[PDB]
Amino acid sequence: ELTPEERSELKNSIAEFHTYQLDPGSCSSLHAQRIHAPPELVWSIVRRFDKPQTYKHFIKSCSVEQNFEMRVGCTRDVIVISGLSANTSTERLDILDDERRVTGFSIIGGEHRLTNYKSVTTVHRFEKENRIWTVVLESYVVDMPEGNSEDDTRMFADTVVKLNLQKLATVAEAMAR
């Protein structure tokens, strides 16, 4: 859990990249992760649009186009493990900024229930005297689905984001170690 000082530092960034204009029947979350590791090492991992399996769980495969150029606008085709109710996810790059260290994607297809899913990730340096760590921020907006709460999966999406941010931290940290 971020410290009050950490929180204050990120206020501006949250307003810039992680503030969404919601549609009626949609919602938004925001998570945070502290990583004892250099920021630019963490970005290298995060920016790899063609390789999410590196920091995300449950990914069986991730394929892209052959003459693939990782610019905004390009897509990826994720296949998720069997054991998750989801099958295939077509995901589009929305933002990449090696400068500001911001990235983001939107789901534009695939056999799943969530519609109009869209998330944004940002990386942040924290120099305090002796040392240097990172804080990552991952927000997302997704429609409020129609049907009984039997089947609402917004809680899952949420702990997925959380689980992946833990793996990212683990992965990023064992590279500095």
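Note that residue numbering begins at 1 and tracks the sequence as displayed.
In this entry, the higher average B-factor at the C-alpha atoms falls on 152-160, of the pair 152-160 and 165-173.
Annotation for 54-62 versus 109-117: the higher mean temperature factor (C-alpha) is found in 109-117. Among 131, 124, 48, 31, the highest C-alpha B-factor in the deposited entry belongs to 131. Residue 43: CA B factor in the middle third of modelled residues in this chain (values from the PDB entry). The entry lists a Cα temperature factor for residue 88 that places it in the middle third of the chain's modelled residues. Looking at the C-alpha B-factors along this chain, the one for residue 71 belongs to the highest third. In this PDB entry, the Cα temperature factor of residue 136 sits in the bottom third of its chain's modelled residues, the lowest group. Sort the chain's modelled residues by C-alpha temperature factor and residue 27 lands in the lowest third, per the entry.
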